[PDB]
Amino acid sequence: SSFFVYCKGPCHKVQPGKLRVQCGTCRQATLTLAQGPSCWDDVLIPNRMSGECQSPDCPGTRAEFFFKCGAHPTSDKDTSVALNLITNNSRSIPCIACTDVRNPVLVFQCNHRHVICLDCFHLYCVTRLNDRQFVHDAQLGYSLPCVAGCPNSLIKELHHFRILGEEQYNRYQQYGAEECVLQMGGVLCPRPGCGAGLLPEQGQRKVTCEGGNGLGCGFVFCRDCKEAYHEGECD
């Protein structure tokens, strides 16, 4: 087929990819596959497929798949993440945003399977991230739904957000860790410059940002009002 991966190495962009397989036990490329994979789950979920490792004293049976960038030679362990939502525009569907017919495209897992070109998908993610309009799901992570507002369309493989570029991608990881602790029931240290993620006990109103040296800033504050701990109420 035609796979797509994010090559953080030389290309620093989305590129067509190679599908490769190693033995699940000896982590070597000697496993013969019984039949080719026929769907994404075959290569994404582990031990979805079985084969025979040809290493003399290895009984490996489990297929472990991985992808490489296809745009240049790669060393066999310089992997890239498959962006499984990205595909060639075989049916030539216009972008739901710029209405231009382009290739390749990202196809959301919403019921309509809406299509967006990578440039527009880039603009979607950046503005939604500046606005702090990414969505956190406790099972899935910090993600985004189909741009058209469809339900149950949260992108599952979060490496799609590599399209943000390196700086925006790192900010995305940070915001998402911030929203994670908050979802965990924690609080963000209000001391400007510290910003630790704190996990105080539930009842505790007196939170102390003290993980140690370089870990916490020492501040003691009030969950409800976010000032240094007072014993009265938040005016």
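Numbering starts at 1 and runs along the sequence shown.
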{"item": "Per the entry, higher mean C-alpha B factor between 208-216 and 10-18", "value": "208-216"}
{"item": "66-74 versus 180-188 - greater average Cα B-factor per the deposited record", "value": "180-188"}
{"item": "Options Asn84, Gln139, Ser143, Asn89 - largest CA temperature factor per the record", "value": "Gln139"}
{"item": "Chain thirds of CA B-factor: placement of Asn152", "value": "highest"}
{"item": "Third of chain Cα B-factors occupied by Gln174", "value": "middle"}
